Amino acid sequence: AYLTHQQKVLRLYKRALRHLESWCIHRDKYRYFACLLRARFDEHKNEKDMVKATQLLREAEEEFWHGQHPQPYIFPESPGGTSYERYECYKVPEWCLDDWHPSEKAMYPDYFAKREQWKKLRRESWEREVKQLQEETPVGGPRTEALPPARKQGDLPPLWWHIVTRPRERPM
Amino acid sequence: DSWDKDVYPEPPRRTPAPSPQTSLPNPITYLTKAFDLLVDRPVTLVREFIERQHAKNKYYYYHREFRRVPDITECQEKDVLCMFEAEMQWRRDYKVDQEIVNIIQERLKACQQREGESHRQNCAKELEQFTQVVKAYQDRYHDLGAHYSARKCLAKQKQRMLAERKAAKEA
Amino acid sequence: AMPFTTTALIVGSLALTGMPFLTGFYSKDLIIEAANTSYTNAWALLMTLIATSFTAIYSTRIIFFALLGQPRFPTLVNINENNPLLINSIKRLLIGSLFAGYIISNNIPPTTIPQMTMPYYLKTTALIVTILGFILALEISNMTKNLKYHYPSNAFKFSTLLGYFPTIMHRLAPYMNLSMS
Amino acid sequence: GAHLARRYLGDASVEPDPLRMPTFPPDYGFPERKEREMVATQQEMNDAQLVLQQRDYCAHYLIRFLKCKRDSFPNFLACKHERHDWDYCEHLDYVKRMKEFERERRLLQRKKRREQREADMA
Amino acid sequence: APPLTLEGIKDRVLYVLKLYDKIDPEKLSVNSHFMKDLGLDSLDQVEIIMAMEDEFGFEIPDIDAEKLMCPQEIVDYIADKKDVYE
Amino acid sequence: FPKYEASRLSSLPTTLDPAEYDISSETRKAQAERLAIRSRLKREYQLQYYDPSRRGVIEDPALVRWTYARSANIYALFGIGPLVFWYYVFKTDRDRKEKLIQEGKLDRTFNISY
Amino acid sequence: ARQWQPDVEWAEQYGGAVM
Amino acid sequence: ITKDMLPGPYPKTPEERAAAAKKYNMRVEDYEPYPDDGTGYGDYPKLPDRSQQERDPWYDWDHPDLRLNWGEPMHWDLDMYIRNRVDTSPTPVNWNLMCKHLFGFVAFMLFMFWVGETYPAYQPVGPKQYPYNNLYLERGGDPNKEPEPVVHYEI
Amino acid sequence: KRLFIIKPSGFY
Amino acid sequence: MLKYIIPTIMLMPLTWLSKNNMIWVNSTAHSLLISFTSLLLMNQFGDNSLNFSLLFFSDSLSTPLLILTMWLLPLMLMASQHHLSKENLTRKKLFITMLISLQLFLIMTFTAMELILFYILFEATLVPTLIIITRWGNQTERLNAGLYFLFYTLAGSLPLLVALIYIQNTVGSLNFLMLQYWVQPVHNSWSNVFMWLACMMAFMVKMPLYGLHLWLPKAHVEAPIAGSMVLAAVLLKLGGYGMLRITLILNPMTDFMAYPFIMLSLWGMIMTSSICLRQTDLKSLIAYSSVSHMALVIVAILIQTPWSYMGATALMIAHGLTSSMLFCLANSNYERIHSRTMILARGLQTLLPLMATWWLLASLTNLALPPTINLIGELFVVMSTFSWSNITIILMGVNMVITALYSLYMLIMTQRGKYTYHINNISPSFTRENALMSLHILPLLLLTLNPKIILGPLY
Amino acid sequence: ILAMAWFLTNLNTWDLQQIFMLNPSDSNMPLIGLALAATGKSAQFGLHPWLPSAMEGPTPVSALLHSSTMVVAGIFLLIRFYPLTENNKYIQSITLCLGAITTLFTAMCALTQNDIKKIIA
Amino acid sequence: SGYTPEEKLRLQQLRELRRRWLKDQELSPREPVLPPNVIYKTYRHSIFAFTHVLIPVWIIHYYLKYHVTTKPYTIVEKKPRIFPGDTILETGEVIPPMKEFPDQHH
Amino acid sequence: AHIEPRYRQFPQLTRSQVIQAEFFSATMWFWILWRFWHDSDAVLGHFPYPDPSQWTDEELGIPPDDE
Ligand SMILES: CCCCCCCCCCCCO[C@@H]1O[C@H](CO)[C@@H](O[C@H]2O[C@H](CO)[C@@H](O)[C@H](O)[C@H]2O)[C@H](O)[C@H]1O
Ligand SMILES: CCCCCCCCCCCCO[C@@H]1O[C@H](CO)[C@@H](O[C@H]2O[C@H](CO)[C@@H](O)[C@H](O)[C@H]2O)[C@H](O)[C@H]1O
Ligand SMILES: CCCCCCCCCCCCO[C@@H]1O[C@H](CO)[C@@H](O[C@H]2O[C@H](CO)[C@@H](O)[C@H](O)[C@H]2O)[C@H](O)[C@H]1O
Ligand SMILES: CCCCCCCCCCCCO[C@@H]1O[C@H](CO)[C@@H](O[C@H]2O[C@H](CO)[C@@H](O)[C@H](O)[C@H]2O)[C@H](O)[C@H]1O
Ligand SMILES: *C(=O)CCCCCCCCCCCCC
């Protein structure tokens with residue numbers, strides 16, 4: 001796994017607490033056991049033998065799998081939650097506004113004037129953005145998906161349009 | 001009335017007179033009176049106007065009567081000119097007999113609704129007449145196939161007749 | 001916090017469980033008496049009575065966890081149930097849930113011989129098991145407030161995961177068919 | 001009921017069989033049984049369009065109730081007495097069927113004692 | 001649900017931190033690093049994220065959560081997901 | 001704790017997999033190599049997805065290879081096997097039915113639709 | 001995508017002594 | 001796309017494996033063809049039979065619904081593994097134990113429905129009595145025949 | 001605040 | 001029939017002498033008038049067919065096919081004029097000429113009273129169809145698709161020609177009316193077994209019968225839209241029409257010779273429906289859908305019952321309008337994304353809301369929702385096939401389950417879900433495209449109000 | 001479809017008045033067809049899972065779906081045909097056991113559901 | 001852990017643009033630029049009753065009265081139930097009462 | 001709007017929702033109580049169930065054992 005040992009323990013901790021919260025339900029009850037669980041992690045926090053620490057983690061994962069709630073609580077908009085992707089059918093891409101009939105664009109003379117400025121800004125910045133990536137990407141291509149910030153003033157961060165202009169989470 | 005009651009009979013209607021045993025007014029009585037005034041009267045007036053326009057223009061249409069022609073049993077083999085007229089005649093009879101089974105089925109279905117919970121005892125004649133008519137229709141037309149004809153109909157009858165001859169000769 | 005929703009939810013749960021003289025009593029109560037005074041499969045009868053008890057258990061479950069106790073929702077309180085459309089729509093169904101069973105049961109013509117002679121212990125079966133369901137469900141619901149930590153039984157998982165029927169069938173049958181060609 | 005426990009888990013030859021009874025003649029032990037009277041004629045039940053299962057020995061009380069139901073419309077809370085009369089008759093009809101089951105049971109008890117007494121004395 | 005604002009998000013983010021016993025409500029500021037300044041460790045940071053998740057009713061993935069190290073970063077993260085621009 | 005037992009339709013969880021642990025310099029060098037390929041392809045896609053003047057479809061050679069490989073093998077449950085099985089079921093069924101009709105033992109009292 | 005038409009590699013299928 | 005970038009015959013040599021992997025944007029170590037046996041796969045990679053539901057939901061995929069990236073090799077049965085169809089994600093219970101408990105429940109229920117049929121419940125009551133010879137005429141009896149009368153007595 | 005709602009063209 | 005043949009030929013001078021920019025306007029306008037006049041063919045009688053002359057006749061089986069054929073010509077011109085917009089002017093006129101010549105052969109095929117006349121016109125449809133596919137197809141594989149189509153058909157037709165000429169020799173006539181009165185039973189012999197196979201295997205290939213169906217997905221994937229519309233809507237129906245006419249003179253041998261071909265159709269329909277669930281190409285999915293639907297028609301024709309011929313007649317018309325509509329719907333997407341991959345362009349209901357209504361309506365007819373004529377036809381075949389053998393209800397029932405699964409799956413895959421991010425050229429539906437779908441779906445739904453005119457001669 | 005096929009073949013009708021008037025004695029096949037139809041529509045055991053999954057739709061859909069539309073059509077279909085089932089003890093035993101397992105199994109599932117719509121479902 | 005200075009800086013820059021974009025989704029006061037108690041409620045329900053009940057029932061009644069019921073067995077009534085002591089309106093016939101009840105009671 | 005949201009506190013209520021809820025809850029209990037008083041047999045049984053063993057051989061016509 002790409003995750004370091006330190007990252008693995010933390011993800012288990014958060015996962016373990018959430019499933020514990022599903023079992024307890026009542027907040028006072030959950031608080032009591034959450035502190036006991038934090039104690040178990042705090043007990044071996046300073047273990048320095050990475051063969052013992054790795055063993056402690058693997059055993060902990062096995063215990064979680066035996067004790068996990070079969071139906072854990074999920075935030076409504078998280079993957080698997082009851083509202084996940086509920087609004088994707090209302091998210092329309094912004095390029096659809098180019099196909100609007102003139103009479104449709106005439107009802108928003110001020111929105112479509114601002115829209116042109118952004119399109120101009122996108123057109124003017126693109127060439128610099130492409131150049132910045134070329135002269136920063138090591139020979140052979142990128143090694144990670146991390147993108148650079150803008151360096152000069154008046155430069156926009158490379159590859160920004162589809163991040164800045166993405167639909168709102170409540171588009172309608 | 002407007003159809004022949006003999007073809008579509010209906011027993012006389014016996015509706016009991018109202019015999020209320022409650023001081024309250026029957027809601028249906030008032031709704032009937034309102035329906036009569038609001039719905040029936042204007043609907044009747046429009047109809048009477050229409051039937052006045054029709055009266056000023058009375059023209060007629062007729063039910064086509066087909067003369068009888070020799071059956072397939074009287075056609076010389078491979079004589080298409082005589083076979084064709086017997087085949088057209090047989091097809092018209094076939095389509096007529098389908099409608100006779102529909103008339104009897106309609107009588108049966110109307111009886112079952114009319115009699116209600118007593119339909120099992122009170123619809124015995126309609127059921128009997130349906131059973132007899134379905135028997136005759138089956139003997140005539142069942143199993144001929146999609147490419148049926150008076151020839152195939154006749155061949156089915158002859159096979160049936162031979163079987164019944166052996167039935168009498170056997171006893 | 002939600003008084004009118006709470007009233008309709010209790011009336012609904014009582015109607016569902018077969019509280020005497022609410023809309024659901026005029027059908028469920030009759031059905032159970034007919035079932036246990038009939039020439040019928042004994043296992044079918046028993047499973048229908050146990051399920052009737054379960055109806056009280058999961059009705060208590062909704063009432064106990066939704067309405068009773070301390071709030072467990074997020075901090076920004078937006079509880080509002082004062083829209084006339086919400087109130088009127090539930091108000092009309094609330095009135096039906098009370099009297100509709102009475103109104104219909106007294107106006108329909110009779111079409112059977114309703115069996116009205118039976119031992120006391122057959123007449124009162126639905127009421128008794130429903131009451132036992134409420135008691136038994138209340139004790140378990142109160143049992144969750146204790147500072148005990150328990151491992152899921154096989155029975156608990158079986159009920160929670162719907163008998164594994166969706167888990168198995170909805171992976172196996174689509175897989176056999178989609179890989180059949 | 002206990003009758004099932006006695007039959008299935010106990011001795012079955014001395015418990016009535018609901019599908020076959022009565023297995024004894026109607027007169028056996030009865031000097032001159034009177035036949036049940038049917039108040040409603042067949043035509044009255046036919047005109048009333050009673051459901052066939054409702055055309056039993058209480059059908060005259062049902063007809064009276066149904067007539068009173070029609071006449072008291074819209075007062076759907078009328079016919080208290082008429083409905084009870086029909087219900088009560090159906091109860092006595094059910095009690096008669098309860099007696100038949102007990103008679104059948106007791107006769108079987110008598111039979112087995114007869115067979116036992118004519119067995120040991122053989 | 002009623003809309004959020006940048007100052008509203010910041011007010012509630014600190015409000016939750018002020019009810020945590022391992023943090024000093026006086027030393028707390030929007031720019032306090034949970035590690036360098038407040039003295040907390042990795043395990044406490046996880047619980048802080050869970051508290052913010054429970055506060056605003058939505059999940060922050062572990063890949064994103066571990067990088068939120070000061071209250072301002074949490075405020076910025078919430079505003080981005082909720083499309084708050086105030 | 002009873003160990004997890006993995007089926008075809010129920011895969012093994014990552015957290016229960018011994019491979020995921022015991023990091024080796026080769027496995028990390030394999031993981032680092034896969035990420036490089038993914039980042040190379042992501043950059044290739046992003047430089048066309050974000051292009052202001054691109055109106056159309058970004059043809060994916062991976063999708064072209066997939067459909068091409070799937071549509072090629074044009075030509076049990078696919079031979080005489082199933083056909084012969086069903087031939088005897090219907091032939092056997094229709095032979096019995098024909099015999100009953102001839103022996104007048106099949107009830108077709110109201111059958112006049114076929 | 002415009003209609004495909006035979007290219008040189010296709011045409012040379014028919015330029016040998018035999019098919 | 002050029003013909004050299006389309007699938008081909010089963011690879012035979014290490015260089016025919018090396019070139020196939022490069023064509024599919026895979027490490028040569030991770031590339032594995034379907035076993036050669038005339039079925040028709042060719043050099044298409046054999047990717048783990050894992051549902052698309054099992055992939056990271058929070059990663060920024062090129063196709064978020066399919067959870068696919070642009071250019072990565074698609075599983076042979078991808079249309080069978082989309083999030084709408086076959087799911088292979090781990091279950092909180094073992095697959096074999098689910099099958100045993102589910103079948104055992106059904107097998108036990110059918111057994112006791114049979115026991116119920118053999119030993120039905122009923123009330124201690126004689127058969128229901130109907131007048132006019134068990135309602136001979138009402139039940140469609142032919143009137144011309146005279147049925148043997150059914151006689152009921154008081155008790 | 002009234003926010004502009006992005007839709008595909010409905011004129012056609 | 002000259003009141004339709006001559007006007008159809010006049011479409012050729014009209015197209016060739018029309019001003020350059022008016023070829024599509026004039027041909028479409030006047031082909032619709034011909035379609036309007038085709039309603040006069042519905043002067044049908046209970047007993048006798050409509051016998052115009054020694055060459056041509058019309059009955060209740062050919063009339064709905066004739067009206068479907070002439071309705072389709074104006075629809076193919078609308079579907080064609082976009083992707084041909086850059087074509088050379090003369091080559092536009094030749095393309096339209098091929099469609100006109102196809103209608104001409106088709107209306108004569110369905111009305112020919114002489115079977116050898118039927119054969120010549122039946123076999124003449126190959127030439128315009130082959131030319132359309134190979135000349136105006138867009139891919140390399142259009143050449144192989146042409147040859148498979150050509151040689152599958154001739155493989156069966158050449159035996160058919162020998163059998164027909166043999167039949168005229170021993171019976172004296174191949175006039176269909178004459179054969180109704182002079183038909184004699186066919187007795188068991190190896191000679192008559194091969195006469196039966198020759199008379200039928202040409203039609204089974206065009207249906208197509210499962211096993212001989214592999215030419216059809218090839219042709220569809222490579223044909224232009226107009227070639228796919230005629231091929232699916234009408235050309236497949238030539239086999240069904242031929243089988244409904246030729247089975248008259250194959251009794252009673254059809255009682256046992258049908259068995260292998262019923263087994264292929266009963267099992268084939270389940271397998272082709274299942275294949276539709278895993279198709280990655282949209283046009284190929286619709287092609288395999290036709291094989292599944294036409295397998296019902298083969299079963300119905302072979303069991304030879306009054307209900308099965310009414311069902312088969314309705315199925316052919318209903319499937320004709322539905323399959324043509326589905327191809328046009330997939331073409332409208334293809335003209336945008338220029339690919340046939342079904343998974344490429346998703347979530348289109350968001351971007352093309354009205355075109356998503358057409359997709360829904362087309363899918364519902366494909367799965368045969370009551371009371372559409374798609375169901376009426378399908379139901380009548382099920383009712384009669386149940387009488388033939390009760391066990392078939394299982395295969396018939398299963399096929400309806402699978403047919404629902406892939407019809408809605410095709411709807412869900414392309415219209416629902418999230419849209420594909422990088423595809424940003426989905427322009428709003430044109431008035432031409434919307435009118436094209438409404439001309440498929442409205443007549444299809446209107447026929448529910450009066451389905452007797454598509455139930456054939458046994459109604 | 002099995003029911004319609006049997007009724008057309010054996011009684012020559014799809015109309016209820018004629019089905020009840022002819023009163024077929026041998027109704028095992030048509031009634032099993034209607035029972036299987038009712039199982040799916042009313043979500044009885046074997047074809048039951050879809051009804052809980054139908055909680056995807058908005059709550060008004062669940063309200064109308066679960067009360068006065070789809071789910072009672074299966075029961076309503078079997079009530080329409082009570083003149084037939086009331087003379088068929090074989091069909092009565094099948095439907096009783098089908099209903100008995102359905103009522104127990106889905107109430108047992110509701111004991112441990114945490115989603116409010118699924119509990120009501 | 002935390003953001004690296006480059007990771008932090010890029011988020012700051014996309015943040016400024018994103019918030020400016022969201023601000024630009026607001027509508028100006030003039031937009032959209034469109035082109036050119038019981039007495040009221042009683043009227044509103046008077047029109048609905050007339051158009052949606054009275055006109056349809058007029059059409060239905062004309063349809064049923066003069067086109068449907070003029071054909072045989074189009075509308076079939078379950079015959080009215082007759083009870084002892086009833087009087088038939090058509091024929092003025094009186095139905096006899098039932099015979100004297102045995103008269104058990106409770 | 002007419003009910004301002006609150007933070008970590010009990011929500012604001014209108015009188016009408018409280019009055020209406022209380023009225024309809026009472027209506028349920030009046031209806032239940034009123035029905036007991038008038039229809040207690042629907043819950044306890046309408047007619048006595050006879051004890052079948054309290055019937056005499058004379059009533060059931062069981063003849064003596066000897067004959
Ligand atoms: C009124 C009540 C109505 C509902 C009644 C339902 C009763 C249904 C009983 C079905 C029992 C089937 O489930 C049964 O449970 C035990 C407990 O693990 C299983 O046992 C299984 O688990 C463990 C190991 O995993 C071991 O005990 C055993 O090796 C293994 O087989 C059985 O293999 C299985 O057959
Ligand atoms: C089943 C009833 C009717 C069957 C009729 C069968 C007769 C043959 C009809 C097709 C004739 C096509 O003739 C020729 O066939 C081969 C494959 O088939 C095609 O060739 C194609 O397949 C071959 C091998 O499969 C490849 O090597 C070749 O690269 C490819 O182009 C030719 O492009 C085509 O010109
Ligand atoms: C798509 C493939 C379809 C395959 C269909 C297979 C159908 C098989 C049909 C078999 C019937 C053939 O026809 C059958 O054989 C011969 C004709 O030579 C006839 O019999 C005749 O030849 C045989 C020779 O063996 C003599 O024994 C016999 O004296 C003579 O009358 C049979 O009376 C006839 O019934
Ligand atoms: C025939 C059908 C039956 C008819 C009987 C109808 C029932 C009477 C209708 C009026 C009901 C009013 O009911 C009464 O209202 C007040 C006003 O909130 C409630 O009082 C409640 O809210 C107010 C405001 O905070 C406070 O008095 C108190 O904090 C709280 O208890 C009472 O708890 C309730 O008992
Ligand atoms: C005997 O009369 C047959 C009854 C069939 C089962 C009914 C269940 C009642 C059990 C009686 C005990 C009391 C518990 C409420």
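First the proteins, then the strands, lettered A, B, ... as listed; each starts at 1.
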Closest-packed option against chain C by number of heavy-atom pairs under 4.5 Å, given A:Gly67, A:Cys24, A:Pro70: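 Max contact count across the listed options: A:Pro70.
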Most chain A-contacting option - heavy-atom pairs closer than 4.5 Å, from C:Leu161, C:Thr144, C:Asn146: C:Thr144
Any side-chain donor near an acceptor of the partner, A:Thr165 and A:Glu94, under 3.5 Å: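 Per modelled atom types, A:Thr165 and A:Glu94 side chains form no pair under 3.5 Å.
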Parallel, tilted or perpendicular: ring planes of C:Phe64 versus A:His26, cut at 30 and 60 degrees: perpendicular
Intermediate values then yes/no, salt bridge (charged side-chain N to carboxylate O under 4.0 Å, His left out), A:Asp155 and A:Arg151: CA-CA 7 Å; A:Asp155 271 7; A:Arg151 319 298 195 169; over 6 Å; no
Chain A contact via C:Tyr149 - side chain, backbone, both or neither, heavy atoms under 4.5 Å: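 It is both, since atoms from each part get that close.
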For C:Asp29 against C:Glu33, the heavy-atom pair lying closest together: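 Closest approach of C:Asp29 to C:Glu33, heavy atoms only: OD2-OE2, 3.0 Å.
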